[PDB]
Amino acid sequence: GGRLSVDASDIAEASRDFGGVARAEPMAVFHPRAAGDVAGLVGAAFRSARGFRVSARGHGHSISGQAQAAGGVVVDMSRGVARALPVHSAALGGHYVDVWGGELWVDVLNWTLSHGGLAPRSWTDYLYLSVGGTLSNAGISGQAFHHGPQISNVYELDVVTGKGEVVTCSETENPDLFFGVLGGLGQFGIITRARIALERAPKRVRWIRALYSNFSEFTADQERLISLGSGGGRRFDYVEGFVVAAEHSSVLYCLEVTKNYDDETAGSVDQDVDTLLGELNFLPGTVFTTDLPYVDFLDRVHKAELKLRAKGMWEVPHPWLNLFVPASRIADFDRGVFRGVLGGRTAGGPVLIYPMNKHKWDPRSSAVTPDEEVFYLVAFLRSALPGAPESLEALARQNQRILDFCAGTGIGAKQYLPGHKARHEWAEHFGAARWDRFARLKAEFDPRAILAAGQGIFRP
């Protein structure tokens, strides 16, 4: 059913990622038509004497070669086939939609909106990412504080294991494989189908930004906003934040919130926004508001992408670092990182910061979060200058200084999209109990370590 390709443009693309550093080439790219084709290729690799590497490629958004299969086969999961329609279940209480693992979230959104005006409730900031790719990590944006990450909004999967077997899993059947695959860094199988939870989509968004010069007030407000919702009370539907340079304090903190509304709630949206904002301690006269359709809001980062491609600033190295930081240690992070490591005239990109609630993350999954109820995501999304290798080198040293700071002060930070490569680093990342559950799962579902070897956790 599928097609092996040795096309130079296919090899070149499967040999790079958005990071622009890791460049391990495969022998061929496999283009499947269905799940049985993926099972066939993984089956062949499992049975092969050498046991060649097989890695699924979503949209190639990895930072450090996580989707590369050195001298093996990259499965180009992109499709562009008949799509399953959203379904209502009186047992689950709501809707779901079965999607192909290679499907882009942007295409899922458009499909579910055009079929019942439905949409997933937990997003990523950027929608040109595969479903299987985000579900192998977590899938985070401003909704995770309330709905949990995307791995907390999936009912079932079809997984092609490292033994080339197709398995249907969920909380009730084969749960070990289901929870293992979720946040599992592609280690135990290839997601060929995911059953995404859906809600009735809002039609419009009231998008707000408010400035702060005091980090204690900014963090205190973010932490209060993510605690709202008891008895279905008033709350924002999205809570993010970012660190801004001065051009009271030389560092400004931008709080970013949204209030989702439809035809029925259009009347109460203005009062709801003013009531929630009134309780906050942002700088007076720093409120910036936008009103736009839901799709336009969710697609905001693709618009930033278009501006970058127009300036030759998209195909540049992206040494992006993502950290989860316990809330008990976040104040020290401002002093030491935002003002310290990144202080002064440092040479491009956002630094996002916002808290989340650990209780929205299922502890049975493979995802690694700090051992604290409230933790922040700190996303250093700084890009290197075009055709300037030294720019990448300086950003890499800065990232290592951030990591050294956390280790040196005992901040129990955890890396999201972990870029570790040594066994002792992975053991520390997971901790003893989680490492044991991880390795046991690998022994059962990928004993030959065929899958996602670019993650550099296990070796054949």
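Counting begins at 1, following the sequence as shown.
Compared against other deposited entries of this protein, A347 counts as often unmodelled, lacking coordinates in at least a third of those that resolve the residues around it. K259, present in the displayed chain, carries coordinates in each of the other PDB entries compared that cover both sides of it, far from a third leaving it out. According to the record, the deposited sequence contains no missing residues between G231 and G232, so the chain is continuous there.
According to the PDB record, 45 to 53 carries the higher mean C-alpha B-factor of the two stretches 60 to 68 and 45 to 53. 284 to 292 and 186 to 194 differ in mean CA B-factor, and the higher of the two is recorded for 284 to 292. The PDB entry gives the largest Cα B-factor of the residues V378, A367, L308, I140 to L308.
Across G93, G148, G133, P120, the greatest Cα temperature factor reported in the deposited entry is at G93. Split the chain's modelled residues into thirds by C-alpha temperature factor. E103 is in the lowest one. Per the deposited record, the Cα B-factor of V81 falls in the highest third when ranked against the other modelled residues of its chain. When the modelled residues of the chain are ordered by C-alpha B-factor, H359 sits in the middle third. When all modelled residues of the chain are sorted by CA temperature factor, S250 is found within the highest third. In this PDB entry, the Cα temperature factor of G40 sits in the top third of its chain's modelled residues, the highest group.
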